[PDB]
Structures are given as C-alpha cells and as structure tokens.
Amino acid sequence: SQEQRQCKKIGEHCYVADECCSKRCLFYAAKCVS
C-alpha cells in the first residue's frame with residue numbers, strides 16, 4: 001500500500017521533536033529543520 005501522512009515537515013511549527021513527524025524539532029528553532 002501507499003499512505004501519505006505528514007505531521008510536520010521542514011519549515012513547520014513544533015514545540016518538541018516528537019511533535020515533528022521527521023523528529024527534527026528544536027527548542028530554539030521551534031521548527032522542523034533538516
């Protein structure tokens with residue numbers, strides 16, 4: 001199958017890493033960063 005689900009990609013808002021589907025969130029950046 002092929003499912004397309006995204007929580008928060010690069011450039012999104014998030015308070016923690018868990019909040020970001022990519023797990024690239026930072027307390028300073030507050031946004032998913034590569």
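Sequence positions in this view are assigned from 1 along each chain in the order the sequence is written. Entry numbering can differ, and residues without coordinates are absent from the display. No hydrogens and no water enter the side-chain calculation; it runs on all heavy atoms of the structure.

Novice: Explain the side chain of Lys-8 here, please?
Specialist: Categorising residues by exposure relies on relative accessible area from a 1.4 Å probe, with only protein chains included: less than 20% of the type maximum marks a residue as buried, more than 50% marks it as exposed, and the intermediate range marks it as partly exposed. Here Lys-8 falls in the buried class, since its relative accessible area comes to 18%. Only 3.1 Å separates the side chain of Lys-8 from the side chain of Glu-19, close enough to count as a polar contact. We call two residues in contact when some of their heavy atoms are within 4.5 Å. With sequence-adjacent residues up to four places away left out, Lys-8 is seen in contact with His-13, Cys-14, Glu-19, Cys-20, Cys-21, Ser-22 and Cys-32. Counted as a polar contact is a pair of N or O atoms within 3.5 Å, where, for protein atoms, one must be capable of donating a hydrogen and the other of accepting one, and residues adjacent in sequence contribute only when both atoms are in side chains.

Novice: Sorry, what's going on with the pattern of salt bridges here?
Specialist: Side chains carrying opposite charge are able to pair once their charged atoms draw close together. The term salt bridge refers to a pairing of a side-chain nitrogen on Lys or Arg with a carboxyl oxygen on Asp or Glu at a separation within 4 Å. A full pass over the atoms with the stated rule returns two salt bridges. Linking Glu-19 and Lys-8 is a salt bridge whose minimum nitrogen-to-oxygen distance equals 3.1 Å. Classification of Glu-19 by relative accessible area gives partly exposed; the value is 35%.

Novice: Explanation requested: the UniProt feature "disulfide bond" in the protein chain in the structure shown.
Specialist: Throughout, disulfides are identified as pairs of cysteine sulfur atoms within 2.5 Å of each other. UniProt positions are given in the numbering used here, feature names are shortened, and annotations may be inferred rather than shown by experiment. Between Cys-7 and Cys-21, where UniProt places a disulfide, the sulfurs come within 2.0 Å of each other, which fits a bond. On the basis of relative accessible area, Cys-21 is assigned to the partly exposed category, the value being 41%. With a threshold of 2.5 Å on the sulfur distance, the UniProt-listed cystine of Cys-14 and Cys-25 is realised in this model at 2.0 Å. By the burial criterion, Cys-14 is buried, and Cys-25 matches it.

Novice: In this structure, what is going on with unusual backbone geometry? I would like to understand it.
Specialist: Excluding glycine, a negative phi dihedral is what most residues carry, and trans is how most peptide bonds are arranged. Although it is not a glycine, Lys-23 adopts a positive phi angle of roughly 65°. For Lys-23, a relative accessible area of 49% corresponds to the partly exposed category. In this structure, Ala-30 takes a positive phi of about 65° despite not being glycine. Exposure remark for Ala-30: the relative accessible area of 23% places this residue in the partly exposed category.

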